[PDB]
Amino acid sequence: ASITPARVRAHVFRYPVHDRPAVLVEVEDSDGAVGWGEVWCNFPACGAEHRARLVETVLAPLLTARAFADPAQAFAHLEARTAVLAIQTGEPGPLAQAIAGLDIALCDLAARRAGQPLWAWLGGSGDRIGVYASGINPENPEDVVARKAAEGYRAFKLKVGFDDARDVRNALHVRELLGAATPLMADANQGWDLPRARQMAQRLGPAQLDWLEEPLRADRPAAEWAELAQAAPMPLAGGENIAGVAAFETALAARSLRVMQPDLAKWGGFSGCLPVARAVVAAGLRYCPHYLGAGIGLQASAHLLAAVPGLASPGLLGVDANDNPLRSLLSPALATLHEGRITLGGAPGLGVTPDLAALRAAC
């Protein structure tokens, strides 16, 4: 059955730690069914309100003007109808992020209406996936690692790109503290230039990392990346800052990044990321999503990972290691964490319906 959006809304939340912002969107069909989704908005710090405004004043009008055979058709329609606007305003990101969020909501709506958990609706056959503690801070990792390993995590990702000396210390130390079986990862957030990247890569090798994330700016020429891949001892990862089928297609063909990390709440949602995840896995590469926002986006990625678990190189879902009620409050699956894994269950859709009253009461 087709989807006829009748009411579309965006809700902004901000939990103070600076705070953790969140943009939740809800789509209501004319017949009453409802779907929920999240819009990436960690940066800038003030972008949450703008993204929510985009959803209500730009996208919503387009969504409630007709019907759509399914989420994918609505995605293409919203992309096509804002292409020029994106060029006029220079806001490819905000528009992509608002559209991604809306796509998760529509898929949630569709799946909830079909009576299937999102992972099944997406073609998956299992609901259990592994995870990893993402974003561990450079202060003293081994400390936060232990807490998480206690919570049930069996994979961790340290943050480097600050002080070459310190970072290398944390990597090797945590490696020793964990053992040799535990997968360990590092994220530099586009913090290095080619020269420094080549060096840190080499220096990190002993840490036996599963991958080195964004060692360079996504901006850098493909050629610089190619050179770093060859030179580096571990596989490179990126995707958080890649958007569009063409962009992912180019990175995929280059094979400089052996771990692709598309963020469904930042671009494409399910309609866009499902096919790129499939392209990555089929190319022999590794698909490992991550979401550092509220629970809805996390649940969403969990369902997608379940639908595309990888073959020879299974994938893990990155869960923000930093405290944040906006995640644990809207991500029931995290309660199943046991032995580095979680199970999504069979609740139709995302498996979570935000309690708005309760969310603002936590803010």
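Each residue number is its position in the shown sequence, starting from 1.
- Per the record, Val17 and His18 are separated by 10 or more deposited residues that are missing from the model.
- Higher average CA B factor: 180-188, of the stretches 180-188 and 273-281.
- Note on 134-142 vs 67-75: mean CA B-factor is higher in 134-142.
- Note on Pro309, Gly35, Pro44, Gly32: the highest value goes to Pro44, judged by CA B factor as recorded.
- Across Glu151, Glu249, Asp263, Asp103, the greatest Cα temperature factor reported in the deposited entry is at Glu151.
- Among the modelled residues of its chain, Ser331 has a C-alpha B-factor that falls in the middle third according to the deposited record.
- Ranked by Cα temperature factor within the chain, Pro117 sits in the lowest third according to the deposited record.
- Among all modelled residues in its chain, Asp163 ranks in the highest third by Cα B-factor.
- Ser313: CA B factor lies in the highest third for its chain, per the PDB record.
- Compared with the other modelled residues of the chain, the Cα B-factor recorded for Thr57 ranks in the middle third.
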